[PDB]
Amino acid sequence: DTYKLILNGXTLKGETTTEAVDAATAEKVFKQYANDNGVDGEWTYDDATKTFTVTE
């Protein structure tokens with residue numbers, strides 16, 4: 001299924017997606033993505049819309 005990540009680094013904002021077998025697997029992709037792209041902070045997950053957010 002399609003999972004989405006909403007990033008808010010402060011100045012820099014964006015959204016990415018990934019096709020993953022389950023939510024834990026998408027979470028690993030998104031956590032590495034946020035780490036590799038300098039966004040570090042508060043995490044949310046809405047299973048009903050398969051949407052993560054991370055906010056600096």
# chains A, B, ... in the order shown; residues from 1 in each chain; ligands from 1
>>> residues_around(residues="residue 33 of chain A", least_positions_apart="5", cutoff="12 Å", atoms="only C-alpha atoms", output="VMD selection string")
chain A and resid 4 to 7 14 to 18 26 to 28 38 to 40 54
>>> residues_around(residues="residue 24 of chain A", least_positions_apart="4", cutoff="12 Å", atoms="only C-alpha atoms", output="list in words")
residues 3, 19, 20, 28, 29, 30, 31, 45, 47, 50 and 52 of chain A
>>> select_by_dssp(residues="chain A", states="alpha helix (DSSP H)", output="ChimeraX atom specification")
/A:23-36
>>> write_last_selection(atoms="C-alpha atoms", output="short mmCIF file (atom, residue, chain, number, x, y, z; two decimals), in the first residue's frame")
data_model
loop_
_atom_site.label_atom_id
_atom_site.label_comp_id
_atom_site.auth_asym_id
_atom_site.auth_seq_id
_atom_site.Cartn_x
_atom_site.Cartn_y
_atom_site.Cartn_z
CA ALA A 23 3.28 0.30 8.44
CA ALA A 24 6.39 -0.80 10.34
CA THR A 25 8.28 -1.21 7.06
CA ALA A 26 7.20 2.20 5.75
CA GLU A 27 8.21 3.66 9.13
CA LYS A 28 11.76 2.36 8.71
CA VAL A 29 12.05 3.93 5.23
CA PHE A 30 10.68 7.26 6.47
CA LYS A 31 12.83 7.39 9.62
CA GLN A 32 15.96 6.85 7.52
CA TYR A 33 14.73 9.47 5.04
CA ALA A 34 14.16 12.06 7.78
CA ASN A 35 17.55 11.28 9.30
CA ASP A 36 19.34 11.54 5.93
#
>>> atom_distance(atom1="atom CA of residue 12 of chain A", atom2="atom CA of residue 37 of chain A")
10.2 Å
>>> select_by_dssp(residues="segment 1-53 of chain A", states="strand (DSSP E or B)", output="PyMOL selection string")
chain A and resi 2-8+13-19+42-46+51-53
>>> closest_residue(among="A:55, A:49, A:13, A:22", to="residue 1 of chain A", atoms="only C-alpha atoms")
A:22
>>> residues_around(residues="residue 56 of chain A", least_positions_apart="5", cutoff="8 Å", atoms="only C-alpha atoms", output="list in words")
residues 8, 9, 10, 39, 40, 41 and 42 of chain A
>>> decode(residues="segment 16-49 of chain A", atoms="N, CA and C atoms", output="mmCIF file, in the first residue's frame")
data_model
loop_
_atom_site.group_PDB
_atom_site.id
_atom_site.type_symbol
_atom_site.label_atom_id
_atom_site.label_comp_id
_atom_site.auth_asym_id
_atom_site.auth_seq_id
_atom_site.Cartn_x
_atom_site.Cartn_y
_atom_site.Cartn_z
ATOM 1 N N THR A 16 6.740 13.058 0.973
ATOM 2 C CA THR A 16 7.219 11.946 0.172
ATOM 3 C C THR A 16 6.297 10.749 0.396
ATOM 4 N N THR A 17 6.423 9.735 -0.457
ATOM 5 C CA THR A 17 5.626 8.527 -0.330
ATOM 6 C C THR A 17 6.528 7.310 -0.487
ATOM 7 N N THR A 18 5.969 6.148 -0.169
ATOM 8 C CA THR A 18 6.661 4.886 -0.411
ATOM 9 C C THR A 18 5.619 3.774 -0.428
ATOM 10 N N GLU A 19 5.872 2.749 -1.239
ATOM 11 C CA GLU A 19 5.018 1.567 -1.301
ATOM 12 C C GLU A 19 5.628 0.524 -0.379
ATOM 13 N N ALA A 20 4.879 0.105 0.636
ATOM 14 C CA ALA A 20 5.453 -0.781 1.629
ATOM 15 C C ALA A 20 4.446 -1.860 1.976
ATOM 16 N N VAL A 21 4.974 -2.979 2.487
ATOM 17 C CA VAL A 21 4.125 -4.119 2.821
ATOM 18 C C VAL A 21 3.295 -3.853 4.072
ATOM 19 N N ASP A 22 3.810 -3.076 5.018
ATOM 20 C CA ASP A 22 3.039 -2.766 6.219
ATOM 21 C C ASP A 22 3.562 -1.458 6.803
ATOM 22 N N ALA A 23 2.942 -1.017 7.903
ATOM 23 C CA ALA A 23 3.281 0.297 8.445
ATOM 24 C C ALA A 23 4.669 0.313 9.073
ATOM 25 N N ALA A 24 5.055 -0.763 9.765
ATOM 26 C CA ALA A 24 6.393 -0.800 10.343
ATOM 27 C C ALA A 24 7.466 -0.660 9.271
ATOM 28 N N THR A 25 7.253 -1.273 8.103
ATOM 29 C CA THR A 25 8.276 -1.210 7.061
ATOM 30 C C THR A 25 8.356 0.187 6.452
ATOM 31 N N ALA A 26 7.203 0.811 6.196
ATOM 32 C CA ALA A 26 7.197 2.204 5.754
ATOM 33 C C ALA A 26 7.876 3.099 6.786
ATOM 34 N N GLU A 27 7.611 2.853 8.075
ATOM 35 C CA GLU A 27 8.215 3.662 9.130
ATOM 36 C C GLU A 27 9.737 3.620 9.060
ATOM 37 N N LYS A 28 10.309 2.443 8.805
ATOM 38 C CA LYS A 28 11.764 2.360 8.715
ATOM 39 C C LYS A 28 12.299 3.197 7.554
ATOM 40 N N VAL A 29 11.629 3.143 6.395
ATOM 41 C CA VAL A 29 12.046 3.929 5.231
ATOM 42 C C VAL A 29 12.000 5.413 5.561
ATOM 43 N N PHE A 30 10.893 5.849 6.169
ATOM 44 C CA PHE A 30 10.675 7.263 6.466
ATOM 45 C C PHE A 30 11.618 7.774 7.560
ATOM 46 N N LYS A 31 11.885 6.964 8.592
ATOM 47 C CA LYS A 31 12.831 7.389 9.623
ATOM 48 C C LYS A 31 14.222 7.586 9.037
ATOM 49 N N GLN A 32 14.660 6.669 8.170
ATOM 50 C CA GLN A 32 15.958 6.851 7.523
ATOM 51 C C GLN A 32 15.941 8.087 6.629
ATOM 52 N N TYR A 33 14.846 8.288 5.896
ATOM 53 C CA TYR A 33 14.733 9.466 5.040
ATOM 54 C C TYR A 33 14.849 10.756 5.852
ATOM 55 N N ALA A 34 14.093 10.857 6.948
ATOM 56 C CA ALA A 34 14.163 12.062 7.777
ATOM 57 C C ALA A 34 15.563 12.259 8.334
ATOM 58 N N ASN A 35 16.198 11.174 8.770
ATOM 59 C CA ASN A 35 17.551 11.278 9.296
ATOM 60 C C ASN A 35 18.519 11.762 8.225
ATOM 61 N N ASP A 36 18.447 11.169 7.028
ATOM 62 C CA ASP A 36 19.343 11.538 5.934
ATOM 63 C C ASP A 36 19.120 12.961 5.444
ATOM 64 N N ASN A 37 17.982 13.570 5.774
ATOM 65 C CA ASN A 37 17.627 14.877 5.237
ATOM 66 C C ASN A 37 17.456 15.924 6.329
ATOM 67 N N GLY A 38 18.011 15.666 7.512
ATOM 68 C CA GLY A 38 18.201 16.693 8.515
ATOM 69 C C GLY A 38 16.959 17.132 9.242
ATOM 70 N N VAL A 39 15.895 16.337 9.215
ATOM 71 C CA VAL A 39 14.679 16.635 9.964
ATOM 72 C C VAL A 39 14.602 15.668 11.135
ATOM 73 N N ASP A 40 14.581 16.219 12.350
ATOM 74 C CA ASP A 40 14.668 15.443 13.584
ATOM 75 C C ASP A 40 13.687 16.037 14.582
ATOM 76 N N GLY A 41 12.734 15.230 15.050
ATOM 77 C CA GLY A 41 11.786 15.743 16.021
ATOM 78 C C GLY A 41 10.606 14.851 16.359
ATOM 79 N N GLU A 42 9.420 15.453 16.379
ATOM 80 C CA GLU A 42 8.194 14.815 16.852
ATOM 81 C C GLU A 42 7.531 14.031 15.727
ATOM 82 N N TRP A 43 7.194 12.761 15.998
ATOM 83 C CA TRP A 43 6.606 11.860 15.007
ATOM 84 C C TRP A 43 5.136 11.587 15.306
ATOM 85 N N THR A 44 4.312 11.535 14.248
ATOM 86 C CA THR A 44 2.931 11.072 14.339
ATOM 87 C C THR A 44 2.663 9.991 13.295
ATOM 88 N N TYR A 45 1.632 9.183 13.547
ATOM 89 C CA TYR A 45 1.204 8.206 12.551
ATOM 90 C C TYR A 45 -0.300 8.027 12.645
ATOM 91 N N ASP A 46 -0.960 8.196 11.508
ATOM 92 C CA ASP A 46 -2.397 8.005 11.358
ATOM 93 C C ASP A 46 -2.584 6.759 10.498
ATOM 94 N N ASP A 47 -2.870 5.617 11.135
ATOM 95 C CA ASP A 47 -3.013 4.392 10.354
ATOM 96 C C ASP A 47 -4.180 4.481 9.379
ATOM 97 N N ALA A 48 -5.209 5.274 9.709
ATOM 98 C CA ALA A 48 -6.397 5.355 8.856
ATOM 99 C C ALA A 48 -6.096 5.950 7.483
ATOM 100 N N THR A 49 -5.098 6.826 7.381
ATOM 101 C CA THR A 49 -4.677 7.380 6.101
ATOM 102 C C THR A 49 -3.240 7.023 5.765
#
